[PDB]
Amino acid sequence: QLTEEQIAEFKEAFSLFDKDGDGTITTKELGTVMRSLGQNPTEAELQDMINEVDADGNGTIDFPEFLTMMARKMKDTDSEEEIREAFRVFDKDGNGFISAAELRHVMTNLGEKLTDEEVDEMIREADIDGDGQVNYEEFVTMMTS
């Protein structure tokens, strides 16, 4: 069960999908963001996902629907494993650390516009143990913040 805080972290994530701010999305934005983060969903897979929660059959969906869409009966070790895969979307080269180059790679795919100095602002703020990188513990702490 999601706490209000988690929904709110999620609502923010939604804004990367719902770029234009109208509060609704289509399979088009589903596939764009997903692909820019490494995934390879097919149109059929996207259309099905929508159908489950597209109550009014508009082909369009909104934030509560978007959240139910991400739900399913999960296993024991599944939550923890997803956090780990979320990490490995950044730690693309799998060394156990996110570096600045790696952070920017993701920020660019998602289309975030920032200067190299800001990216380092970002590494610095998460880099508790102070080694110029971001390990899994620290990334998690930041996500939790």
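Counting begins at 1, following the sequence as shown. Rigid core here is just the name for the largest C-alpha set that superposes within 1.5 Å across the two forms.
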With everything overlaid on the rigid core, name the stretch, 54-62 or 97-105, whose CA atoms wander farther on average in 5 other deposited structures of this protein. 54-62
Taking the other PDB entries of this protein that cover both neighbours, check whether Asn40 lacks coordinates in at least a third of them. no
Over the set of other compared entries for this protein, does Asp78 lack coordinates in at least a third of them? no
Tell me which stretch has the larger mean Cα B-factor in this entry, 33-41 or 76-84. 76-84
Tell me which stretch has the larger mean Cα B-factor in this entry, 8-16 or 121-129. 121-129
Rank-wise, by C-alpha B-factor, drop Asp116 into the lowest, middle or highest third of its chain. highest
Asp56: C-alpha B-factor third of its chain, per the entry, is the highest
Taking the values exactly as deposited, rank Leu2 by C-alpha B-factor within its chain and report the matching third: lowest, middle or highest. highest
